[PDB]
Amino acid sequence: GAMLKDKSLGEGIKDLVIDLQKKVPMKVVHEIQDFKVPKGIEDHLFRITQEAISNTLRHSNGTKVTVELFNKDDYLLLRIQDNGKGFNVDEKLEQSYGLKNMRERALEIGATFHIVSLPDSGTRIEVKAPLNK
């Protein structure tokens, strides 16, 4: 896993995507809103993003994955959405270290963690992290 070090979350995501795009058959796109993410939660969100992308590339057999990062004042929203085959989260969740670790990173930063994956809907991961105005 890449590490952010000096970079903002947005910059880390964009740089990772640049590298991935050269190697992978899925189209990987980002929609990153320009706003300051609190330094304290950036690493956690980057670790979630990397796992979500990894799972999409390996497991979805889709053609496109989108990473979105939006500011909604009281919270930020991180969404990773693919158009692939989907899976049953319940069947996998408790035996799955990747999913369990994303959920734990979210908890550590006080954020919700949701996975919506249905046969015709692909897989969508959403994390809403609180922001203090």
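Sequential numbering from 1, following the sequence displayed.
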Averaging the C-alpha B factors as listed in the entry, name the stretch that ends up higher: 86-94 or 42-50.
-> 86-94
Averaged over C-alpha atoms, is the B-factor higher for 51-59 or for 28-36 in this PDB entry?
-> 28-36
Please work out which residue in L118, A111, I13, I115 has the highest C-alpha B-factor recorded for this crystal structure.
-> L118
Comparing against every modelled residue in the chain, figure out the third that the C-alpha B-factor of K72 lands in (lowest, middle or highest).
-> highest
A129, C-alpha B-factor rank within chain (lowest, middle or highest third) = middle
